[PDB]
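Going down the list, the protein sequences come from chains R and F.
FYI, the numbering for the first sequence is 558 to 577, 584 to 612, 624 to 854, 981 to 1064, going by PDB author numbering.
FYI, the numbering for the second sequence is 1996 to 2027, 2031 to 2527, going by PDB author numbering.
For each residue, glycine too, the CB sits at the ideal point set by N, CA and C.
See structure below.
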Amino acid sequence: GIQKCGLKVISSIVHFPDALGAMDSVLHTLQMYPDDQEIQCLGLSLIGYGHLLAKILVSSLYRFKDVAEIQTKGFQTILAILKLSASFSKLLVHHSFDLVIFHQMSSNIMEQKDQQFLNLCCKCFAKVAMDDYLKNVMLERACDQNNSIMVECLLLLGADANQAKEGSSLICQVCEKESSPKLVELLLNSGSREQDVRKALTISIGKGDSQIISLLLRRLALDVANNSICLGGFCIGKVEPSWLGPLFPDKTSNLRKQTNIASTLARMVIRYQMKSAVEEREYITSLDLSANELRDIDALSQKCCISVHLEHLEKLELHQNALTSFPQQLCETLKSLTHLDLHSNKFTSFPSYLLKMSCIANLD
Amino acid sequence: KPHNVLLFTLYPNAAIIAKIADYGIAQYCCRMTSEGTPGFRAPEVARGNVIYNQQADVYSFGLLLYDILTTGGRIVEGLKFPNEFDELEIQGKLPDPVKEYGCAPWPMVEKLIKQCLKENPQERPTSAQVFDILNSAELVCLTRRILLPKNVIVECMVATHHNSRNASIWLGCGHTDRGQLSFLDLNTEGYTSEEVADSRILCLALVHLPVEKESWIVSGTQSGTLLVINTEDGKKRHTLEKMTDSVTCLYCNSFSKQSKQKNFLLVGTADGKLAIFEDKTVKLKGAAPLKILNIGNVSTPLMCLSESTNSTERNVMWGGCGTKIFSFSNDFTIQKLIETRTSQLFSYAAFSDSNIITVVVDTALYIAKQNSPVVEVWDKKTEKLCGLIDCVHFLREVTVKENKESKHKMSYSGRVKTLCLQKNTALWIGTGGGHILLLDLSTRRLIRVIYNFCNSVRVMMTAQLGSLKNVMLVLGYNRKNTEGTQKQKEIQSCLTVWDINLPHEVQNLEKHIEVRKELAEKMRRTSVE
């Protein structure tokens, strides 16, 4: 309980006569009096004047995530180190820096007037994300923890989302961790290969999700420009109305604008990136369900949420499935189906109520 | 042939769609149809007197583009005239894909056909070129280019959206000092001439009335004669109350504040005497200017007008005037008088000390000045320069190696002439040169610069055409220095029609090629592995 006084003395003389194992002892006094007496933990201030320095910063700020304006003394130190040893960032991201920089920029800093601070933290973040590889891990280590705000920032800064293992990648991972629908929507709308999104179905098909599936089908099979749903080649073991629901268009759907938060940080970082680089109706019709091995389609023959968009189908394909006994109730619901084909199924009798359909042609 | 192309899926934004059957060449390269099917055949291969070349698969591919364009119209008729199915094409005498078979024009591929359909073998584009000009994302959106008659100078246009069965574009005229309107269809392309005034026209607007099933057009001319003619009858005209200066900007609004349908019109005089009117009173000769709001002075001419993007805030209008930007609402009084000349980010001054040209309304404000290569991102509330987007910061980055002579051209040409903002995606900037800028206002600035299709993009605006809505009319220019030594230029105005989905397509296609390049290499590894 004297180290506080020792560091308080060192802080004075470290300034005036241009002092020159100083940094050594002032580091161990942290590990000697950690997680307590934040006054001696303000010593971080002197560091602004062996990777142990990294492991002692991210562990200090994290353990004091919302303690006081010691983050302002922490990040000032981290910013001072970065502008002279640019390599240091490879060490921060290597540790728990992600755990501490994602919290600050998302701890309700928006709606709070700490603009002086955020401009510091974004300036510090502007350098951690310089390297092309670091963004690819600043991003990946922001998907495991569900963080929609930051995963959107690292995308507006590059950091391709189709790089992890190629056979396996983000979207396959993000679908395993029971993520949030807002998180998947950002990987697909950005660079994301088809061969990886398709593998995300079978992963997300095994589990029953109504919003993580309907976001993959919307990117895999929906030709909005031609009013179609091309779900052919997919080996979806079964179709349910809760998935196709959000695919059909809705006129009432209108949203606010909330992603502007991640858009502000995207340019603020880009601003500090350059300034440091310069100086120095329309009801859809076609619905294809060809190769999906469906042993039954009854799930659609109810009064579910899509029973009002199926009445304008005008084409429906179920060929190469393993269907049987086309449901009586369905063939009276879609009263505008004019091109129905269902061949290679395992039928054993003509339903003979298919002809009761209102306006049908080209029954196959 | 259209029989050797094996589709894999009918989803447009897929990775593997078409695949040419490759077994045919294996059976030939071993057991050596060597002349090719009659209909889908080159002239150099049918005559049989000359060995083939790689330029034979291009003429055969050129025909494949002719059957995809016309959706197999030549083959259907070619089955009952097979001796004329081959000989008609065996010389490059096959007809126009549009005049014969009903199909959408697609006028940047009717040119690729007319190249792959040339008689001389080494004059047809090699296979590497026929793909590098299909990879362009501007070929797949340009819906139809409409060559206006020779030497017609138009600087104003207006579309008809209350009739969605078909549409027409009412133009103006500049090649005469006495003004004249120039009606123009879209499916027949019949350019019509009808003199309607004695002074050159500057802007028009289209006022429709929900009653009586008509939509008159209004004409602003330099003299001030505000004339109105009916859509059908080209004889019932009444020159409204003449103004004092040259009308420069008109508009038709959405102001239905009497619990029913009602609308106004805002004649923008060349000093700010904005006369407001009513939608149904336009018929009467000499209507009543409701609230003439003299805003600026004779040294402050209005040059634009706009309306909000959302309808929630009651369509707050934001119109420019001289260099002073203003706004109003149902009150019809100035509620903001932002001024731009007093800008504290001076690198050059007169870019802000000049007349305004156009302003678009969004979550921010984008403003254009005369001969200004920069747009100014102001804000509504703060009234500050939140963004300054210079043009040549993008043009000079592609015009480095492909343009070498420009080193003497430090007095660059190409200035912002018009703004048009897509709903929420991108911002269309028409440069004084031949370029057009696609700026994604959300995240990334430069999407693509679509050059070498005109010479001066003078007018640009959106419209909706025959239930295929959301097109982007682009009225450029074209000048050829045939008699430049006679201090005269031959101007050819070239109206085009871009699919408004262009900023998506250009970045949706650039991903489509990346995924296929990543597959073209991994497929080369299965050979070594």
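Rounded to the nearest angstrom, the gap between the Cα atoms of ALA2165/F and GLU2187/F is 11 Å. A straight line joining the alpha-carbon of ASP2196/F with that of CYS2384/F spans about 45 Å. Contact of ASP988/R with chain F is assigned, a C-beta pair being separated by under 9 Å.
Within chain R, no residue has its CB atom less than 8 Å from the CB of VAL2245/F, the nearest being about 37 Å off. Shown here is that no member of the region 2160–2177 of chain F has a Cβ falling below 7 Å from a Cβ of chain R. From the beta-carbon of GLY765/R, the residues of chain F found nearer than 7 Å are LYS2509.
Residue pairing by DSSP places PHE2326/F opposite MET2315/F in a beta bridge. Sixteen is the threshold: since fewer than 16 other Cβ atoms of the shown chains lie within 10 Å of the Cβ of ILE2020/F, the residue is exposed. The beta carbon of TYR2057/F does not come within 9 Å of any beta carbon belonging to chain R, so the residue lies off that interface. The C-beta of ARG2442/F comes closer than 9 Å to at least one C-beta of chain R.
At a cut-off of 9 Å, the C-beta of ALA700/R has no neighbouring C-beta in chain F. Per DSSP, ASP988/R is one residue of the beta strand (DSSP E) stretching across 986–988.
For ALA840/R, the nearest beta carbon of chain F is closer than 9 Å to its own beta carbon. Judged by DSSP secondary structure, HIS2206/F falls within the beta strand (DSSP E) whose first and last residues are 2199–2207. Under DSSP, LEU2140/F shares a beta bridge with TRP2496/F. In the assembly as shown, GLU768/R is a buried residue. Its beta-carbon has 16 or more other beta-carbons within 10 Å. Counting along the chain, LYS697/R sits inside the alpha helix (DSSP H) bounded by residues 689–702. For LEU2383/F, no Cβ of chain R is located within less than 9 Å of the residue's own Cβ.
Annotation: the region 2374–2427 of chain F contains the following complete segments of the alpha helix (DSSP H) (minimum length 4 residues), in chain order: 2390–2396. In this structure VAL2280/F is not in contact with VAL2375/F, their Cβ atoms being roughly 36 Å apart against a cut-off of 8 Å. When the alpha-carbon of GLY2034/F is set against those of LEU2002/F, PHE2059/F and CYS2250/F, the nearest one is in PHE2059/F. Restricting attention to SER2297/F, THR2237/F and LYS2255/F, the CA atom closest to the CA of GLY2284/F is found in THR2237/F. The alpha-carbon separation between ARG2045/F and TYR2057/F amounts to approximately 14 Å.
Contact annotation for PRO2007/F against chain R: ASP797, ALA799 and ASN800 [CB-CB distance below 8 Å, chain order]. Taken in chain order, the complete alpha helix (DSSP H) segments of 4 or more residues contained in the region 755–822 of chain R are 755–762, 768–780, 788–794 and 815–818. Spatial neighbours of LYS2334/F in its own chain (CB-CB distance under 7 Å, excluding positions within 5 residues in sequence) are listed in chain order as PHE2324 and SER2325.
When DSSP states are grouped into helix, strand and coil, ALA2273/F belongs to the strand group. Contact between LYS647/R and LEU627/R fails: their C-beta atoms lie close to 15 Å from each other, not under 8 Å. Taking a Cβ-Cβ threshold of 7 Å, the residues of chain R close to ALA2010/F are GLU768, in chain order.
Taking 9 Å as the CB threshold, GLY806/R lines the interface with chain F. Taking C-beta separations shorter than 7 Å and ignoring five residues to either side along the sequence, the partners of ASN2506/F in its chain run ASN2008, following chain order. In this structure, DSSP gives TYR707/R a helical state, which the three-state scheme calls helix. Taking CB atoms only, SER837/R has a neighbour in chain F less than 9 Å away.
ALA2461/F and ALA2203/F do not touch by the CB rule: their CB atoms are close to 14 Å apart, not below 8 Å. The beta-carbon of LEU730/R is placed less than 9 Å from the nearest beta-carbon of chain F.
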